[PDB]
Every structure is written in C-alpha cells, then in structure tokens.
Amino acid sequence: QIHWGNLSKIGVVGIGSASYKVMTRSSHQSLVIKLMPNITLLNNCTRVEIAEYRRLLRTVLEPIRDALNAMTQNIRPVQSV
C-alpha cells in the first residue's frame, strides 16, 4: 500500500508500525459525589460556612436536575403508544 521505495527517494521513511486498539466501554458502576460533608465532630463551628456553601451549590445543581428531568419525562413505557 505505502510505496516505501519512492518515498525514500524524497527523504521519507517509516520508523515503526503498530496494530491499532481502541477503547470500548462496557458494564456500569455508580459513583456518588457527596457534596455535604459530615461535620458533627466540629460542633457547629462551621454552621455559617456550611449554610453559605449549600446556597452556592443550589444555583449550580438546580439547572442540571431540571435538564435531566426534561429528558426522562419524555421517556415512557412501550404501551403508552
């Protein structure tokens, strides 16, 4: 396929070939990001900071939750047709 002889006449050589393996994904596993830490051994010393953190998170999480609900609400069982 590649004409090594003619390519070598214009200074081009192959310096290695290899087989080609691509990654395919299979099976499944659930991973959960727990956003709220366990703070009980800090005895309310972080109450203000935790409440502010929770409020900052809400702005980010609500649009994602809404986007996911927008899709799954259009996915029904077969016989609804």
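When you see a residue number, it is the position in the sequence shown, counting from 1.
Compare the mean C-alpha B-factor of 67-75 with that of 5-13 as given in the PDB entry, and name the stretch with the higher value. It is 67-75.
Chain-relative CA temperature factor third for residue 47: Within its chain, residue 47 is a highest-third residue by C-alpha B-factor, going by the deposited values.
Please place residue 59 in the lowest, middle or highest third of its chain by C-alpha B factor as given in the entry. Lowest third of the chain for residue 59's C-alpha B-factor.
Divide the modelled residues of the chain into thirds by Cα B-factor and specify which third, lowest, middle or highest, holds residue 41. Highest third of the chain for residue 41's C-alpha B-factor.
Which third, lowest, middle or highest, does the C-alpha temperature factor of residue 30 belong to within its own chain? For residue 30, whose C-alpha B-factor we compare with every modelled residue in the chain, the answer is the lowest third.
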